[PDB]
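Protein chains in written order, with the authors' numbering: chain E, 578 to 625; chain Y, 242 to 289; chain V, 194 to 241.
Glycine is no exception: its CB is placed at the ideal position from the N, C-alpha and C atoms.
Comments concern the structure below.
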Amino acid sequence: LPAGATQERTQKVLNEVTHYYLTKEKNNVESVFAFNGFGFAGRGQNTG
Amino acid sequence: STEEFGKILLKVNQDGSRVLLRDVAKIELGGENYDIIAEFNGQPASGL
Amino acid sequence: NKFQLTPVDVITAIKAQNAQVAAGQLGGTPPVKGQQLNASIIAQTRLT
Numbered sequence: 578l579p580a581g582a583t584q585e586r587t588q589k590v591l592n593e594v595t596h597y598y599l600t601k602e603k604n605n606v607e608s609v610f611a612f613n614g615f616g617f618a619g620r621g622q623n624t625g
Numbered sequence: 242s243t244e245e246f247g248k249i250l251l252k253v254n255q256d257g258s259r260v261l262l263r264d265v266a267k268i269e270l271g272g273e274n275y276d277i278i279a280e281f282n283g284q285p286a287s288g289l
Numbered sequence: 194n195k196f197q198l199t200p201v202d203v204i205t206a207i208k209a210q211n212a213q214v215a216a217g218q219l220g221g222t223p224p225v226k227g228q229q230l231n232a233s234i235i236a237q238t239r240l241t
């Protein structure tokens with residue numbers, strides 16, 4: 578997400594990423610471990 | 242215990258009534274910090 | 194002496210007015226639901 582984006586927003590997008598992986602790819606996907614808090618650019622409420 | 246903590250005396254009023262910690266705050270077990278929400282298939286999780 | 198001050202007053206002033214204060218964030222974890230703003234709170238910065 579971009580600069581300022583609250584955790585709650587970043588969760589929506591994260592719940593979407595998990596949803597897509599749990600439907601459109603149900604056959605390949607085993608599990609999604611979603612981490613709303615830190616990426617690799619940094620830590621922060623706008624990363625995941 | 243949260244109960245012990247809430248029973249912390251902060252102030253005695255002029256008339257003799259007590260001002261307890263639970264009178265100014267919400268005691269509850271919780272986390273060291275709330276920066277990372279980690280869901281597993283959209284469920285709350287921990288792990289190593 | 195003119196102004197009734199010792200080097201203790203000086204040292205106290207310097208530690209009070211030359212300080213780096215941690216002041217938290219607006220909209221920080223743990224968050225209320227429906228928050229759009231997450232910004233750092235900035236207070237005293239060391240003199241330069």
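Only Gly271, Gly272, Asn274, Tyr275, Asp276, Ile277 and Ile278 from the stretch 250 to 278 of chain Y bring a Cβ to less than 9 Å from some Cβ of chain V. Per the DSSP secondary-structure output, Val203(V) pairs with nothing in a beta bridge. Beta-bridge partners assigned by DSSP to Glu280(Y): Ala611(E) and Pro285(Y). Between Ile268(Y) and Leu261(Y), the CB-CB gap reaches or exceeds 8 Å.
In this structure, the CA atom of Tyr597(E) is about 10 Å from the CA atom of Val606(E). For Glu280(Y), the nearest CB of chain E lies under 8 Å from its own CB, placing it at the interface with that chain. Here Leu289(Y) is exposed: its Cβ has fewer than 16 other Cβ atoms, across all protein chains shown, within 10 Å.
By the neighbour-count definition (other C-beta atoms within 10 Å, threshold 16), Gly616(E) is an exposed residue. The beta-carbon of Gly616(E) is placed no less than 8 Å from the nearest beta-carbon of chain V. Exclusion of the five residues before and after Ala580(E) leaves no residue of its chain whose Cβ lies closer than 6 Å to its Cβ.
From the beta-carbon of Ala232(V), the residues of chain E found nearer than 9 Å are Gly581.
Judged by beta-carbon spacing, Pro224(V) lies beyond the 8 Å limit of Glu602(E), meaning their Cβ atoms are not closer than that value. Sequence-distant Cβ neighbours of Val214(V) in its own chain, meaning closer than 6 Å and more than five residues away, are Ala236 and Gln237. Listed along chain E is no residue with a C-beta nearer than 7 Å to that of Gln197(V); the closest approach is about 49 Å. With its beta carbon at least 8 Å from every one in chain Y, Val594(E) lies outside the interface.
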